[PDB]
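Shown here is one chain on its own, the form deposited in one PDB entry, set out as structure tokens.
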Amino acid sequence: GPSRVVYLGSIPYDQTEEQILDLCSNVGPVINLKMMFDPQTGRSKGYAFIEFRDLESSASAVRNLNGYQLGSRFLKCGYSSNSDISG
């Protein structure tokens, strides 16, 4: 199926949350940005999950941000979904 959610990886560790919000906001309207962290140090893991308002924007994120050079790195972007099951 289609997805309004994308994975954004290979992000330089020094990139901040404000910075990644801005980049994704340039592509399209962002509903939520989930940046991943190492909880012990508070440091960025260099990847995030972004929910966009609609399917066109997420697709635009994948088309434009996959291979996009940010800092000294090339970003990886693709569609994301997940299940949730309890134990």
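Residues that one form lacks are left out of the comparison. Start at 1 and count along the sequence shown; that's the residue number. The term rigid core refers to the most C-alpha atoms you can superpose between the two forms while keeping them within 1.5 Å.
Absent from the display: the form deposited in another entry. The rest refers to it.
Once both forms are overlaid on the rigid core, the distance between the two CA positions of residue 53 between this form and the one not shown is under 2 angstroms.
When the rigid core is held fixed, the Cα atom of residue 41 travels 2 angstroms or more between this form and the one not shown. After superposition on the rigid core, residues whose Cα atoms move by 2 Å or more in runs of at least three fall at 36-43, 81-87 between this form and the one not shown.
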